[PDB]
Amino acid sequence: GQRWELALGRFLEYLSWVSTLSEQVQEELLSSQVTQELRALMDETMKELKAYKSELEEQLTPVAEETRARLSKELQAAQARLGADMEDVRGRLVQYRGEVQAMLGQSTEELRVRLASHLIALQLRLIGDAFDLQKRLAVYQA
């Protein structure tokens, strides 16, 4: 239970440092090392998550099946949203990069306030999507 959550906590913790938008971060954001790192922590989060739904499908033994072609389908889509949020976080920082590249490495505050807007929206939706899951990973298991 608490391992795909830890991989997620490593994605969020790194994103947390990118949300600081420090001089350090902005210099980093003009390279491909921050978006490459985000994909790793995401492809780890999804790996630990995909291997954990399988881990439940083993000890999950009650198997009421008229509604379980609805159950797992609701959760196979509710993990589809988590990988979606983490892909979006990565893309929002690809757009920031391509935007400052058209400004010759420069970066306005109108852009950084706009990026901070999207990062906050994503952090919230990320946590909330992971909440709608961890609860739905206790109706599965219980």
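Residues carry their position along the shown sequence, with the first being 1.
Comparing the deposited coordinates for 128-136 and 10-18, the stretch with the larger average C-alpha B-factor is 128-136. Between the stretches 102-110 and 53-61, it is 53-61 that shows the larger average CA temperature factor. Ranking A116, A77, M46, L38 by Cα temperature factor from the entry places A77 first. As recorded in the entry, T67 carries the highest CA temperature factor of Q95, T67, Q26, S31. When the CA B factors of the chain's modelled residues are split into thirds, the value for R81 lands in the middle one.
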